[PDB]
Amino acid sequence: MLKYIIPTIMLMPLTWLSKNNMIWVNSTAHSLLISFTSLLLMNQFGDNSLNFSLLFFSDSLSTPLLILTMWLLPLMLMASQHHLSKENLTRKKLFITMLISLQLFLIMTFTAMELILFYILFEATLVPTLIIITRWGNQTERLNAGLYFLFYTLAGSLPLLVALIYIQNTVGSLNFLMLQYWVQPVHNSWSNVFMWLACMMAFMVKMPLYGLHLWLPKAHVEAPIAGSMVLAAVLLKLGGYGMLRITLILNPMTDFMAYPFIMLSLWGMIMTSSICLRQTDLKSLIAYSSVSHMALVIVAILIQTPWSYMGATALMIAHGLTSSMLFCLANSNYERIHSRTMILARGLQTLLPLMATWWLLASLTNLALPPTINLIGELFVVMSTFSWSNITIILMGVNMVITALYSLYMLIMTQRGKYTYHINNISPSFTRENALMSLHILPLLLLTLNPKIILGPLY
Amino acid sequence: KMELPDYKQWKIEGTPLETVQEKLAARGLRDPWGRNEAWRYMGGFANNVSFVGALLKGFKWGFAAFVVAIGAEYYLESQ
Amino acid sequence: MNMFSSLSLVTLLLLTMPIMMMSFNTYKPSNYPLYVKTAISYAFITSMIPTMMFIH
Amino acid sequence: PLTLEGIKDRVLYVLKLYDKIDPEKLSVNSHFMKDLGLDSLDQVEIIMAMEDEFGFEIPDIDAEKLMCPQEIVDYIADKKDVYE
Amino acid sequence: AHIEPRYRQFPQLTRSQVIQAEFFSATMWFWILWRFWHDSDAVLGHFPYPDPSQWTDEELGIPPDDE
Amino acid sequence: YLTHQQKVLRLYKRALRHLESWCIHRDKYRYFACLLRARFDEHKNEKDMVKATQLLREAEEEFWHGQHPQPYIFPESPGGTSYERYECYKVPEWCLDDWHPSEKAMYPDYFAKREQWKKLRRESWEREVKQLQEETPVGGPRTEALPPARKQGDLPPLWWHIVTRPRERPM
Amino acid sequence: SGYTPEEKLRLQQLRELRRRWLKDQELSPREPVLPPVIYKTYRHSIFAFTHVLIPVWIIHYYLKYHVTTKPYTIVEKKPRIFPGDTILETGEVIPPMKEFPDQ
Amino acid sequence: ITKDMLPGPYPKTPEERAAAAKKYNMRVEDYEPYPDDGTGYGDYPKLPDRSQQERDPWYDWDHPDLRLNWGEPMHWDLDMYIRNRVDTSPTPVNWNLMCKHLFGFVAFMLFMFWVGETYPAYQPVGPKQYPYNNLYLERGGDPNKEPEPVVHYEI
Amino acid sequence: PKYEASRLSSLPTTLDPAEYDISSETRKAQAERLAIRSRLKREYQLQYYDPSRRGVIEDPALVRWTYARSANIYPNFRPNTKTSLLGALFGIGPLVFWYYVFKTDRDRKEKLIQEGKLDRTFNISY
Amino acid sequence: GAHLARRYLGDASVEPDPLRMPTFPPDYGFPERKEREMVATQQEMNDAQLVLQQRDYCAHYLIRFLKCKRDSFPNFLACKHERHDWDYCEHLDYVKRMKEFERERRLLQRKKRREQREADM
Ligand SMILES: CCCCCCCCCCCCO[C@@H]1O[C@H](CO)[C@@H](O[C@H]2O[C@H](CO)[C@@H](O)[C@H](O)[C@H]2O)[C@H](O)[C@H]1O
Ligand SMILES: CCCCCCCCCCCCO[C@@H]1O[C@H](CO)[C@@H](O[C@H]2O[C@H](CO)[C@@H](O)[C@H](O)[C@H]2O)[C@H](O)[C@H]1O
Ligand SMILES: CCCCCCCCCCCCO[C@@H]1O[C@H](CO)[C@@H](O[C@H]2O[C@H](CO)[C@@H](O)[C@H](O)[C@H]2O)[C@H](O)[C@H]1O
Ligand SMILES: CCCCCCCCCCCCO[C@@H]1O[C@H](CO)[C@@H](O[C@H]2O[C@H](CO)[C@@H](O)[C@H](O)[C@H]2O)[C@H](O)[C@H]1O
Ligand SMILES: *C(=O)CCCCCCCCCCCCC
């Protein structure tokens, strides 16, 4: 992975040694080049994973997440450079440095072979993320959002640290390849119940599981755009990726320990989907949409079937691009009217025709129109949960109806109807904004032509 | 630019608006807007077909063609 | 079979061409509706050939 | 394609077919109450006849203010963006 | 246009629309009459419907009571 | 906010429109329109206003019982089939300020005249504000009514968004 | 219950401005100043060539040389065979049905 | 917006009620907060539970599509009462009568369909007869197990 | 036959008996309502018509509404017999309900599979 | 209809059950009852690819008609004679089913009659 770690590190001297007026041009260009080289991780085999060294390996799960991570960095620089224009040069470079350091931690997190190494990098991503929200967030409540984000994570991740160290004492290793062969079944006992909870709760809080999700709508409403993009696109998936790995060593206890969390997710997705119908803040609505989509991923991971694991992987990639798009679309309205209230600016299709097309395409992927990878992932999960229990189709089906209602409600309210009379500063869409939208949707829709590369190891 | 037809020509006499005026006079009333409706009962609008007349549009020539067609068919078969 | 299958697919591909031309390649916006209407009428002709083969 | 004179002709055409108005003492400035001696029930019927004539509704709050043919012509020209 | 609107009067009509409309109305009635002439069974009945009460006990294999 | 007279005249117009919806045929509607007008005429000169209010209340109950469940609506009236149909084509005039110079170059005459209107609006605004100040009582306006211009060369206060509103058929 | 004299004056003044604004929406003669049966068959001839002949060439080439070179990609229902038919592949003759009872 | 212009806790004294009414641009005689339970409405006004569709469509609203005026207090459930969503307009037929007639119609039909299944219509014919042991082989029958014969006779 | 109002069908204004019995005290209140509306209308129109303005006319009523519908709830929340019973009834209850629905369904299915009475003849995708 | 009124309002015991009939042996009252002949063989119907519900005792007429249709293309007004022969055969088939119903009905009425005779001693 050094071929990706080192050029990612080199982005920092590049940004600090650039001409004052070329920091965005240089950092954007070269992080796109890094993104290009990340397609070499597609050398995946039918049986064995791509095992680079003692520290890092890649397989069909981490590879799509790695490519999404490295693609998002140039998109985040594009999205941020406008609202940061007044910021002084040194603080602009510090912002870019936090984004670069976040990518470095993420690519190491997704390829770490040893689980304790994964833990440290999994935890390291908090620091830059918290700095981005609290330092460059706009409103007073970013400080509270920083605290809720920090302490929800640590409340769960500290027990995970104890469990992981305990496993290494008992098994002798935390290398994931070793655990694949030395895994022993988890017997029933109260000690093992709490070992299971310690191994899972940290990832649940990040997903987030319904009931532990209240930190996420806060974080989004306060974060700058780049913070929201990385939060929705990648940082939520640290939980899913972690769960997909650690469930290896929790069998067969997961058979019954998953029940409370399947109930929370199955009922949670309908609650959060219903909540979206009444949200008044556009960022908050998109945030609640994420909780509903990720509730599907939790269920898929917990029932552990080949179809559910393939659907979970596709959903994680598909949601990453869609939710990042939706935040970017909402932000482009914010940069004009400086309010997140959904009902403030209406009938924008009359004033911004092409931006309304991006709004339509994003909404259609959010409601999972076939054959988008959003639908492929959701469908594979629905198929597998039907076998788990036929009654789940009723809950899955109801959520599909509610998802369409709130996705189109968001499109109708902001883009259709009559424009607001007094809002007279809706200037035409910039080339930057249009390019940013298309750099989300185009790879998303292109993936429909070759979905296998985002279906994960079980493919 | 547009020539409105002379307003004086619009009279209710001979139309079913005249029947209504007679009915109203039996009660001591009068309809003052009758001439504003008169155009609907005059000119090219005076005679509309009945429902059976509407369904039979084209029946005469359809029957004429049909009769000629079967007579020809009787001839060809006869030979 | 070669004519039947080839012509049945050409009907569907014919209908997608006016959509592909929205990429401003060789477009004549003056009368896009006529262009779309002409594609439908030509697709109807091509679809009658395999339809005729099925009836036979 | 309505014109100001076209609107005026049709407004006066309708009023000349109303039995309660003498067609010779009617001008574009005749006041329905102070000149032609009509009452408010009569005025409501006139507005309804204009609505039928031009095929659109005049709300009660605006309708009650139109008290001469010219005001009706002005009201209709405004709603229909007629400037010639 | 070649058709100018009229006020409170029957509209102007072209010969094409009147002749074409009558031809297709006449075509409808010829077709019905022509089809009814040759295919009246499609409307009235193809085959006779028998009366089951007129079938003898012999042909239905009904033995006499004392059998 | 409605007087007794306004309430009666609104019911008369409303009752006739529902009557017309029931009758359909013009000769039939004319007949019953005169019968209904007679009913309003018998109580035209009622003086005891308590009785007049009771007559109005009973008439409204009668209207509610006998209203058409699907009355005729003019196409562009609220609830009509063409209501708000052309709102998607109405674009505010401030959008022309964001046109690219090459777009403006296609209509040199329109945009020269547009600048004259913007100049007129700019030079009129201060006087419009002042007129409203000096004509408004201390505690602010008590009604939504606005006044005309008083001097020559003045424009009626707050005229721009009325004069420059989108056309009813803007495309 | 008509306009007050002040209402009448305001409406008249706005009406003068509105009509002037609407007149100013008319395009001048030069606007928009823009920057720099034989035919019928040919129109339909070029369309048939580019939208039927070229696509069918591509589809036939694709079906013949890529799709039908793989198993079970195009599967036909086997032709119906009736009593009295002759087979082209073998020359086999299918025997007729029995003699029908009179009816 | 200062904090004195933002929603506050439920008002207790009459002076708080007057202050809250003014902040919300209401007459103190009209202002009425939601009942003080644990719900969390604070001092936000309770306004009539009416759809925006019921508002006068001919008045010159600052927001014609919503039928709202700038500065007027918004109903707590305004987003549920937009014209695209819940309507509370008067109906020509009483609500309770409509529910009676609709349910009565559906219940009657379901009963008759059940009746019609118990007493089906059919023609006076015997079963359709098929050759070759009721097409035993054609219907996928096992060709190694001889079927129990099905014989049909002339009539 | 009197009009019966419902939550989703309001009483028509013309059938409202309070609509006609209008006192001088009720006309005074209607005048004060129109004064507040007119005062706000003027404040809005002075900004709406200002030729030099470009942006959004911030509406405190809209800000108060979005603030009330979120940040203002918990400060004015009191744990009591109502919110606790509604909190329990619609917070824990559905999870327990669905747990038993799915748990019962899965126990029945697993018992049939082990006994070999569930038809899984062609079931090889899961 | 008529038979339905008798069964549902009248005495259901003397009316056939369309879902159970026949309830008497085929040869009961029918000395030397012949078998139904079948002209088309199983292989012929299989090769002609008739719908299973069409593989009845009239299949030979349907096969003859189907061959004519293919041979007379593009003249879709031909094969009227062959179509009528198949339609007519199906009519005779339907009449035989009417005879089975009527036979069953009269046997039930005889069964009841004998039971009145038996228990009236
Ligand atoms: C033996 C241990 C020590 C190892 C040291 C190895 C590196 C030594 C580098 C010495 C030269 C550093 O150069 C010094 O810093 C930066 C980058 O050049 C320059 O100043 C910089 O300003 C801005 C960025 O802030 C940019 O326009 C551009 O990067 C540069 O002009 C200074 O004008 C220069 O004086
Ligand atoms: C279950 C696993 C995760 C559990 C995580 C729980 C740990 C605590 C997380 C939040 C820590 C924030 O720490 C502190 O919390 C309180 C509210 O909670 C915040 O305070 C906020 O809510 C309180 C209570 O309504 C208000 O009085 C206050 O005005 C408001 O700012 C503090 O400003 C913050 O400094
Ligand atoms: C395969 C065969 C299919 C059927 C083919 C049948 C073809 C028949 C063509 C008939 C053409 C008739 O054409 C139309 O006839 C009607 C007869 O009312 C004429 O209408 C006539 O009567 C009406 C009033 O009744 C008057 O306008 C006028 O006296 C006269 O025009 C039309 O002026 C003429 O245009
Ligand atoms: C081929 C058609 C097949 C479908 C036919 C279905 C028809 C079945 C209709 C059943 C529903 C009738 O329901 C019944 O209607 C009557 C008449 O309004 C109601 O009767 C009541 O309402 C009316 C009107 O307010 C009042 O006179 C009084 O309050 C009371 O009589 C009953 O309260 C209701 O229970
Ligand atoms: C005789 O050949 C049958 C004709 C069908 C008659 C159907 C009668 C329908 C009457 C209502 C059905 C009520 C439910 C039993």
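Could you compute the net charge surrounding I:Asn80? Neighbours are other residues with a C-beta less than 13 Å from the C-beta of I:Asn80; K and R count +1, D and E count -1.
0
If you filter chain C for chymotrypsin sites (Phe, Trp or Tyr not before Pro), then keep DSSP loop positions with at most 15 other Cβ within 10 Å, what is left?
Answer in residue order: C:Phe24, C:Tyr27.
Taking the Cα centroid of the range D:39-84 and of the range A:152-209, what is the distance between the two, rounded to the nearest whole Å?
After rounding, the separation between the Cα centres reads 80 Å.
Does the protein assembly as shown classify as rounded, prolate or oblate by the C-alpha gyration tensor (a ≥ b ≥ c root eigenvalues; a/c under 1.5 gives rounded; else a/b over b/c gives prolate, otherwise oblate)?
oblate
Starting from the Cα of I:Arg42, step 7 Å toward the Cβ, then list every residue of the range F:147-171 with an amide N under 20 Å from that point.
Only F:147-151, F:155-162 fall inside the zone, counting backbone N under 20 Å.
Classify the range A:236-285 as rounded, prolate or oblate from the Cα gyration tensor: take a ≥ b ≥ c as the square roots of its eigenvalues, call it rounded if a/c is under 1.5, otherwise prolate when a/b beats b/c and oblate if not.
Oblate is the answer for the range A:236-285, as a/c is 1.5 or above yet b/c matches or exceeds a/b.
Relative to the longest principal axis of chain H, what angle (0 to 90°, nearest 10) does the C-alpha long axis of helix H:14-23 take?
Around 70 degrees separate the two axes.
Give me the percent relative contact order of the range A:187-244, please, defined on Cα pairs under 8 angstrom at least 6 residues apart.
46
Partner chain Cβ atoms within 10 Å, averaged over the residues of E:28-37 - can you pull that number for me?
Partner Cβ neighbours, averaged per residue: 5.
How far apart, in nm, are two points set 7 Å out from the Cα along the Cα-to-Cβ line at I:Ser23 and at G:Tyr65?
The answer from the label model is 9.7 nm.
Once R0 is set to 35 Å, what does the formula 1/(1 + (r/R0)^6) return for the Cβ-Cβ distance between E:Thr27 and H:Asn84, expressed as a FRET efficiency to the nearest 0.05?
0.15
Starting with the fewest neighbours, write out H:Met80, C:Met21 ranked by other beta-carbon atoms found within 10 Å of each beta-carbon.
H:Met80, C:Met21
Considering amide H positions built from the backbone, and no H for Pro or chain starts, which residues 5 or more places from A:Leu236, or on another chain, come under 5 Å of its amide H?
Answer set, sorted by chain and number: none.
Quick one: Cα centre-to-centre distance for the range G:19-87 and the range I:71-126, in angstrom?
One Cα centre to the other: 55 Å.
Only helices at least 30 Å long along their own axis, judged from Cα atoms, and with Kyte-Doolittle mean hydropathy of -1.0 or greater: name those in chain I from DSSP H.
I:93-115
Under a straight-distance cross-link criterion of Cα-Cα below 22 Å, which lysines are reachable from F:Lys151, leaving out those fewer than 8 residues away in the same chain?
Result set, ordered by chain and number: F:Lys118, F:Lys119, F:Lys130, G:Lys8.
Calculate how steeply helix A:431-446 sits against the longest principal axis of the alpha-carbon atoms of chain A, using the helix alpha-carbon long axis, and give the answer as 0 to 90 degrees to the nearest 10.
Orientation of helix A:431-446: about 40 degrees from the principal axis.
Report the residues of the range A:416-438 in range of a label on F:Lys118: point 7 Å along Cα→C-beta, backbone N strictly under 19 Å from it.
A:422-429
Measure off 7 Å from each Cα along the Cα-to-Cβ vector at I:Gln114 and F:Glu61, then give the distance between these two points in nanometres to one decimal.
7.3
Given +1 on the Cβ of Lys and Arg, -1 on the Cβ of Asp and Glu, and no further charges, what dipole in debye does chain E carry about its Cα centre, rounded to the nearest 20?
So the magnitude is around 1740 debye.
Given Cα pairs under 8 Å that are at least 6 residues apart, what percent is the relative contact order of chain J?
Averaging sequence separation for qualifying contacts and normalising by length gives 32 percent for chain J.
For F:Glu168 and H:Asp56, FRET efficiency with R0 = 22 Å and r from the beta-carbon atoms, rounded to 0.05?
The value I calculate is 0.60.
What angle, in degrees between 0 and 90 and rounded to the nearest 10, separates the Cα long axis of helix H:95-118 from the longest principal axis of the Cα atoms of chain H?
The two axes meet at around 10 degrees.
Over the whole of G:3-14, what's the average partner chain Cβ count within 10 Å per residue? Rounded to a whole number, please.
5
Could you pull out which residues in the range A:159-185 have an amide N less than 18 Å from a spot 7 Å beyond the Cα of A:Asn51, following the Cα-Cβ vector?
Residues passing the 18 Å test: A:172-184.
I need the calculated FRET efficiency for the pair A:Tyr166 and A:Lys3, taking r as the beta carbon distance and R₀ as 30 Å, to the nearest 0.05.
The value I calculate is 0.30.
Quick one: longest stretch of chain B between exposed loop GluC sites (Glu not before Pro), exposed meaning at most 14 other C-beta atoms within 10 Å and loop per DSSP?
My reading of the result: B:14-79 is the longest stretch.
Which whole-number percent gives the relative contact order of the range A:100-183, counting Cα pairs below 8 Å spaced six or more residues apart?
31
Please get the size of the charge dipole for the range A:1-99, origin at its Cα centre, with Cβ charges of +1 on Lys and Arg and -1 on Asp and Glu, quoted in debye to the nearest 20.
560
What is the distance in Å between the Cα centres of the range B:46-79 and the range A:331-406?
If we compute the Cα centre of each part, the gap is 60 Å.
For the pair J:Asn46 and H:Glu15, how long in nm is the line joining their label points, each one 7 Å along Cα→Cβ?
10.3
Taking K and R as +1 and D and E as -1, what net charge do the other residues with C-beta under 13 Å from the C-beta of H:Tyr119 add up to?
Once positives and negatives cancel, what remains is 0.
Which entries of B:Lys8/D:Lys34; H:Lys128/J:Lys112; D:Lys65/I:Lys28; F:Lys51/I:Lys2; A:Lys19/A:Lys86 have Cα-Cα distances beyond 19 Å here?
B:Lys8/D:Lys34; H:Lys128/J:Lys112; D:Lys65/I:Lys28; F:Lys51/I:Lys2
We did not get these values from a lab; they are worked out from the coordinates using the rules stated. Note: ideal-geometry Cβ built from the backbone for every residue, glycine included; neighbour counts use all protein chains shown.
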